[PDB]
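Same protein, same chain, two forms; see structure 1 and structure 2 below, as structure tokens.
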Structure 1
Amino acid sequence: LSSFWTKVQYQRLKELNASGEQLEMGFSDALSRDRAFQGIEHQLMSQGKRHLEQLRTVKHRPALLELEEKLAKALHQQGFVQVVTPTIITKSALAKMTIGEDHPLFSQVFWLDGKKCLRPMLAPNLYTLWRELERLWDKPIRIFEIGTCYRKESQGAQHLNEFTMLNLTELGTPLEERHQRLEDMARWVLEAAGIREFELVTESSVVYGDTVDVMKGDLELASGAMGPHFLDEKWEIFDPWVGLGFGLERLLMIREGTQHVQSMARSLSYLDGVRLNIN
């Protein structure tokens, strides 16, 4: 049966949020597939309208904000201190992330001028607060931020230009309790993101100390790390720590078991994982 989905149709069935099943569908001929298509269309373009009617009359907000609040709260309970830094950082700020004019991401930055630039991460903004907060609060110190970071090659099925990040951290963790802490941290988040299935790829080096990631089979959900760290000095940090970076959208892509990420991102083409040109 040598006639699966057309170039277009396949591509149009993502916008509409087809199950991998329906995607991997194929037919004997064409007139049968071209007709099976519009049978789905209605079915999907229908469902869309209903997810909207909910969102219109009870939920009043995108599935993207459902998470933000659910996560912030879940963390407030672990005593984390949610913060909210600026979104523009300086050329100076970056550099401190040993990222000279020749690092793989200095080419990945949205430059506003000589020394302004949209933040590729939350790290520098937290290193910075850490400085003045360490000096002021007895440890251990737990804070976090959810915020929209930017990256300008990033556009694909799991990658966007402006994505929503949750960087959470604990400054001053007993070097023993350091992994038990990540594992914890992580758990807390998924336990509240509604994900149950996850592996914990423990990456390990010497120059790159210990890298950690939160996996669901193939997909990466978070990248974690700890201190002391080689950057720590340029940020005037002399204490053990741990941090974790989740990519929200990424996660919505699993709590909602969808295929591409742009369904529930900052968009004017969707409103709550629902392509908006439907009828």
Structure 2
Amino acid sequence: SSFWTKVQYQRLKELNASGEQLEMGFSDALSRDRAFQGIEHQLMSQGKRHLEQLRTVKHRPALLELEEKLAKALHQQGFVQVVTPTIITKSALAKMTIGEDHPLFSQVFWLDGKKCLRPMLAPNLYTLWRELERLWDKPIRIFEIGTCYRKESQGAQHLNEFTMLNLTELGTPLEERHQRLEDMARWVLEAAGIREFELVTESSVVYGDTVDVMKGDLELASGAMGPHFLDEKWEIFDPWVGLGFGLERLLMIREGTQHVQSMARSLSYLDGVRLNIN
């Protein structure tokens, strides 16, 4: 009836110990300790092995292989990729809501009294939409892949630095909005190797007719469409659809993993492998 001690559970965890392995039980406190050195060793061996694949054939971790595969898949559907500032103005962050109540101000990393690290890509993409609409015929399709920051979590699994992928279409014919939302989820998720997922539609006073792509309980992405009450402040007058994916979750929810930090930007892990091993 003796189970893993603290440090043992936490160590095995970083090493991506299964859920079952973690729930293992032993008779005596020493018998346990013996088999501990046993599992850790096996898991370490796997990490070294995987790291060997990175050194000799991949040459880049999953996050980057995923980004390229997703970008290419969208370039193929005629999406134009853009790269915008990670540093946005207070003024821009404010337009992300109506009224003088800007909840987002309490969860962002302020650099200045005027500047902050973007916690999302929407304000930048909103800006480009307005500019491209005057230059390009619709539908207009653009997306971006990049780091976003949020100083405070909503759960003990929300990273400070995370990678997002927002793709949008300005000019979507109204009756095609839902279908286009499905297309986007399909193009991205299939390209990531995830075929199962529901498009749980929803509609709130605020969020509006918001869409949540999910694989059971876990949400892979969040999307919305326009006319949207935020279009006024941004000067957008065309209907649209957009979807935002958190790439670390996609990596997580793909190669089934314990912690999401195993593959997020890090110094402790390399391509999902803890570094202080064997």
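Numbers given to residues start at 1 and step along the sequence of structure 1. Rigid core (definition): largest C-alpha set, two forms, superposition within 1.5 Å.
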Task: Flagged residue of 85, 78, 154, 128 - C-alpha shift reaching 2 Å or more between structures 1 and 2, core superposed - done: 154
Open item on the list: Aligning on the core only, does the CA of residue 103 end up 2 angstroms or more away between structures 1 and 2?
Closed with: yes
Open item on the list: Superposed on the rigid core, does the Cα of residue 27 end up 2 angstroms or more away between structures 1 and 2?
Closed with: yes
Task: Cα displacement of residue 180 between structures 1 and 2 reaching 2 Å, rigid core superposed - done: no
Task: Distance moved by the residue 207 C-alpha between structures 1 and 2 (core-aligned, Å) - done: 4.3
TODO: Once both forms sit on the same core, give the Cα displacement of residue 36 between structures 1 and 2 in angstrom.
DONE: 2.2
Open item on the list: Once both forms are fitted on the core, what is the Cα shift for residue 189 between structures 1 and 2 in Å?
Closed with: 0.6
